[PDB]
Amino acid sequence: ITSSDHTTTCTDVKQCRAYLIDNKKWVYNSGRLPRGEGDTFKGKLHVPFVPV
Amino acid sequence: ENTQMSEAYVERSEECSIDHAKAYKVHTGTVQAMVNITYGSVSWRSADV
Ligand SMILES: *[C@@H]1O[C@H](CO)[C@@H](O)[C@H](O)[C@H]1NC(C)=O
């Protein structure tokens with residue numbers, strides 16, 4: 001995990017995978033997103049239009 | 001060599017608070033009625049009995 005520009009040994013982009021870690025904002029635990037590591041639960045979001 | 005772990009479980013929907021069916025077991029209970037009675041010169045009176 002690098003916090004600053006890093007030059008790797010590899011010469012070809014296809015040989016590396018870069019994953020952005022930016023947790024300033026949270027996301028709904030959508031079934032279409034890969035789960036993070038550890039206790040990723042950060043808070044609750046109310047449902048606005050509840051059945052009545 | 002990659003692996004996807006899929007998880008799913010069932011929970012009550014939001015509608016369940018307002019749109020649900022109550023299953024009751026019924027046993028012999030009591031019988032009540034409201035009776036309206038008048039006699040002689042006494043006006044109509046009623047009560048639950
Ligand atoms: C009892 O009968 C009289 C008949 O005029 C009626 O006015 C009165 O409302 C009745 N009682 C009830 C509880 O309905």
# chains A, B, ... in the order shown; residues from 1 in each chain; ligands from 1

$ residues_near_ligand --ligand "ligand 1" --cutoff "10 Å" --atoms "only C-alpha atoms and all ligand atoms" --output "number ranges by chain"
B: 34-38, 43-48

$ residues_around --residues "residue 18 in chain B" --least-positions-apart "3" --cutoff "8 Å" --atoms "only C-alpha atoms" --output "PyMOL selection string"
(chain A and resi 51-52) or (chain B and resi 15)

$ interface_residues --of "chain A" --to "chain B" --cutoff "12 Å" --atoms "only C-alpha atoms" --output "list in words"
residues 29, 30, 31, 32, 33, 34, 35, 46, 47, 48, 49, 50, 51 and 52 of chain A

$ atom_distance --atom1 "CA of residue 37 in chain A" --atom2 "CA of residue 21 in chain A"
11.5 Å

$ atom_distance --atom1 "CA of residue 28 in chain A" --atom2 "CA of residue 45 in chain A"
8.4 Å

$ select_by_dssp --residues "chain B" --states "helix (DSSP H, G or I)" --output "number ranges by chain"
B: 14-17

$ write_last_selection --atoms "C-alpha atoms" --output "PDB file, in the first residue's frame"
ATOM      1  CA  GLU B  14     -40.671  -3.003   5.308  1.00  0.00           C
ATOM      2  CA  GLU B  15     -44.281  -3.790   4.359  1.00  0.00           C
ATOM      3  CA  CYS B  16     -44.392  -6.422   7.114  1.00  0.00           C
ATOM      4  CA  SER B  17     -45.088  -3.656   9.639  1.00  0.00           C
TER       5      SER B  17
END

$ atom_distance --atom1 "CA of residue 24 in chain B" --atom2 "CA of residue 9 in chain B"
27.0 Å
